[PDB]
Structure formats: C-alpha cells, structure tokens
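A.B. asks: need a structure here:
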Amino acid sequence: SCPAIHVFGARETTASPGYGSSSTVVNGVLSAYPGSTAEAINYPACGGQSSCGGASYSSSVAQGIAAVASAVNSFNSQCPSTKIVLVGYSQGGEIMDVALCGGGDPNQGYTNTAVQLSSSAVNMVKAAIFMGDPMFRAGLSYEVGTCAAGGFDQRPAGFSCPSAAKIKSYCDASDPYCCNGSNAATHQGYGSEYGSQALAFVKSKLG
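C.D. replies: Numbers count the residues shown, from 1 in each chain. Sure, the structure comes next:
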C-alpha cells in the first residue's frame with residue numbers, strides 16, 4: 001500500500017550500504033511523519049576503493065544518477081500520489097542534484113543534460129535536501145551555508161535548477177569538497193549542523 005510520504009536517501013563515498021550520513025535527515029522526516037517509508041539508493045558510492053566495489057568516482061556518479069532516476073521514477077509510477085523527499089549526502093547529494101536538476105555533471109563525464117526524473121516524479125518530489133554536494137556553487141537560490149565559492153564539481157555561473165524551489169543544499173566555507181576550504185571535518189558534520197533546518201524545510205513543503 002502506498003504511504004503518504006516516501007523518502008530516498010543516498011550515502012557518501014565508501015559508506016556502508018544504506019543511508020550513510022543521509023540518515024540524520026531521513027530519520028528526522030520519518031519520525032515527523034509516522035507511516036512514512038524510506039529507501040536507500042543502493043548505488044556504488046565509490047571513488048575507486050575496493051571496499052565499495054572499485055568503481056571510479058565518475059562511474060559511481062553515473063550509476064548513482066541512473067539509480068536515483070530509476071528508483072524514484074518507478075516508485076512514483078507505483079505510488080503516483082505519494083509525496084517524495086530526497087536526501088543526499090556528499091556524493092549522494094551530487095547524484096540527486098543531477099537527477100533532479102539536470103545540467104549533467106561534466107567533470108564526471110555525465111554528458112546528458114536532461115533532468116533524469118520523469119515529469120511526474122519531479123512534480124511529486126516536494127523537498128530535496130543535499131548536504132556537502134560537490135556541485136555546490138555559491139549564489140543559487142536553493143543554497144544555505146557559509147560557502148561563498150563552490151566545490152570540485154561546482155555548477156557553472158548562471159546555472160538554474162527548474163526545481164529550485166524544492167531544494168535546500170547546504171555547504172560551509174571550510175569544506176574542501178563542496179567549497180574550497182581546508183577542513184574536511186566540516187564535510188562530515190552537516191547532519192547535526194543543518195538537520196533541523198532541513199527538517200523544517202521538508203515540513204514546510206510537505207504540510
């Protein structure tokens with residue numbers, strides 16, 4: 001039976017199968033909405049390490065974009081009136097960003113610039129939370145955080161996401177991968193830092 005709300009979570013590179021650091025927000029949504037359900041996007045979440053199956057970051061990202069699209073598109077067709085929440089942490093944010101906003105991922109060789117979610121799926125995505133997304137580029141309307149630069153896969157100047165209004169994407173200045181800072185620890189802390197903001201946004205969008 002379809003739930004009223006369903007969440008998809010995508011983990012960061014090398015995280016064990018499941019949600020990884022997307023868990024904070026996924027769990028926040030599930031606890032805010034009893035009866036809601038969640039699934040993890042089971043993409044490689046790899047950067048060449050054997051532990052995660054050896055796929056390069058480029059291959060991992062490409063497979064992740066397709067995995068997000070397939071999972072979300074198929075679930076939407078199964079459950080067309082279910083509101084969808086996306087949560088992606090670091091590489092998991094990147095794959096959701098491409099899938100939802102399109103634009104490709106040129107540094108990763110992901111050449112197709114189309115939105116990968118179906119029209120119906122885009123409409124039922126009501127909130128998408130990205131944390132530590134390497135495609136962060138300061139100046140987009142859907143971004144939050146102290147990062148005034150951008151990450152190693154940053155969107156170009158002048159980018160727009162058709163689904164901007166559905167997104168919050170978080171990144172701080174000191175992060176060396178979504179921003180151009182120097183302290184990797186910042187990259188790991190967005191659940192605690194921004195989880196309440198993210199949940200507030202989700203609740204505002206879901207009702």
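
A.B. asks: can you pull the buried residues of the lengthiest helix in the chain?
C.D. replies: Under DSSP state H, the helix in the chain containing the largest number of residues is helix 57-78. Using 16 or more other C-beta atoms under 10 Å as the burial criterion, the residues of helix 57-78 that qualify are 57, 59-65, 67-69, 71-73, 75-76. The way it works is simple: take the backbone N, C-alpha and C, and place the C-beta from them, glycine included.

A.B. asks: gap between that helix and the chain center?
C.D. replies: 11 Å (C-alpha atoms, centre = their mean, to the nearest Å).

A.B. asks: next structured bit after that helix?
C.D. replies: Where DSSP states H and E defines the elements, the next helix or strand beyond helix 57-78 is strand 83-89.

A.B. asks: Each with direction, which strands does that next one pair with?
C.D. replies: Within its sheet, strand 83-89 is paired with strand 5-10 (parallel), strand 125-131 (parallel), according to DSSP bridges.

A.B. asks: who's in contact with the last one?
C.D. replies: Read that as strand 125-131. Judged by C-beta atoms under 8 Å, 6 or more residues apart in numbering, the contacts made with strand 125-131 from elsewhere in the structure are 21-22, 25, 72, 83-90, 93-94, 96-97, 100, 117, 136, 163, 166-171, 190-191, 194, 198, 201-202, 205-206.

A.B. asks: one more time with 7 Å
C.D. replies: Residues external to strand 125-131 that are found in contact with it (C-beta atoms under 7 Å, 6 or more residues apart in numbering): 25, 83-89, 93, 96-97, 100, 117, 163, 166-170, 190-191, 194, 198, 201-202, 205-206.

A.B. asks: partners of the helix or strand that comes right after it in the sheet?
C.D. replies: Counting by DSSP H and E, the element after strand 125-131 in chain order, helix or strand, is strand 143-144. Each strand pairing with strand 143-144, determined using DSSP bridges, is listed with its direction: strand 167-170 (parallel).

A.B. asks: got the CA coordinates for stretch 197-207 in PDB?
C.D. replies: Listed in PDB are the C-alpha atoms of stretch 197-207, where the atom choice follows Å, rounded to 0.1, in the frame of the first residue of the first chain:
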ATOM      1  CA  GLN A 197      16.900  23.500   9.200                       C
ATOM      2  CA  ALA A 198      16.500  20.700   6.600                       C
ATOM      3  CA  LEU A 199      13.600  19.100   8.500                       C
ATOM      4  CA  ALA A 200      11.900  22.400   8.900                       C
ATOM      5  CA  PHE A 201      12.100  22.900   5.100                       C
ATOM      6  CA  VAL A 202      10.800  19.400   4.400                       C
ATOM      7  CA  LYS A 203       7.900  20.000   6.800                       C
ATOM      8  CA  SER A 204       7.100  23.400   5.200                       C
ATOM      9  CA  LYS A 205       7.000  21.700   1.800                       C
ATOM     10  CA  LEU A 206       5.000  18.600   2.800                       C
ATOM     11  CA  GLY A 207       2.500  20.200   5.100                       C
END
